[PDB]
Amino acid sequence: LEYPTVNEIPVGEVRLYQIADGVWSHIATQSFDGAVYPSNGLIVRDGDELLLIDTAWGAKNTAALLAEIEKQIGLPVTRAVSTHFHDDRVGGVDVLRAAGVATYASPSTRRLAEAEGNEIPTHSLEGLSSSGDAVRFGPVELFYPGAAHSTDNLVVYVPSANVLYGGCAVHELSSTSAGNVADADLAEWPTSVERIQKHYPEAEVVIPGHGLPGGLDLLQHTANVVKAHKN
């Protein structure tokens, strides 16, 4: 009941929320097509460093994110992974790069970001091109579930905490619509969610790309949202 909501975060400010020991989500707000949306990413403690998952959706929000991390946590962000190519995940990569953060994404995400005219993470993450692939990256596992919200979407698991960050492939429980589906695969999405359910059955916290964290129920709910959109 304490997770910050969209009307509680002015555009340009970033909040952190402690999910588990050494795991936080970051919450920002941004405008798109004349509507304001909240957006989540993840921060995971990596020894005496931090791993960031996704930008705070924009250059100014991402600079505010780094400032918030500096005062709340006080460990340097050394690496960042973007979970798909859209602006709410890569917008702000140039700010990260100018702050010395090494930025990463799969080759699928990098090609799509390039074609879109979006900011491009510096480094390529191999070993994630086939559905069901998983690789280790510091304190997380990166998992490619197959096409869903986008063809390149990744999800992230924190094994020490049983936290699953779904990004935009996973919707919050209150969701009644599927968001931006222009690059989605509506037919494959439920199958990709089933793959996540099969691979991470011990997940205790599931974090969506937008909105409130919950439990494993966010996965089935997301498949249901997608089916309602298709119908």
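Note that residue numbering follows the sequence shown and begins at 1.
Looking at 82-90 and 157-165 together, the entry lists the larger mean B-factor for 157-165, computed on C-alpha atoms.
Higher mean CA temperature factor, per the PDB entry, when comparing 218-226 with 6-14: 6-14.
Note on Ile27, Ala178, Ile43, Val170: the highest value goes to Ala178, judged by CA B factor as recorded.
In the PDB entry, a CA B factor belonging to the middle third of its chain's modelled residues is recorded for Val36. Ranked by C-alpha B-factor against the other modelled residues of its chain, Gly74 falls in the highest third. Annotation for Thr55: CA B-factor lies in the lowest third of the chain's modelled residues. Ranked by C-alpha B-factor against the other modelled residues of its chain, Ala113 falls in the lowest third. Among the modelled residues of the chain, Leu96 sits in the middle third by CA temperature factor in this PDB entry.
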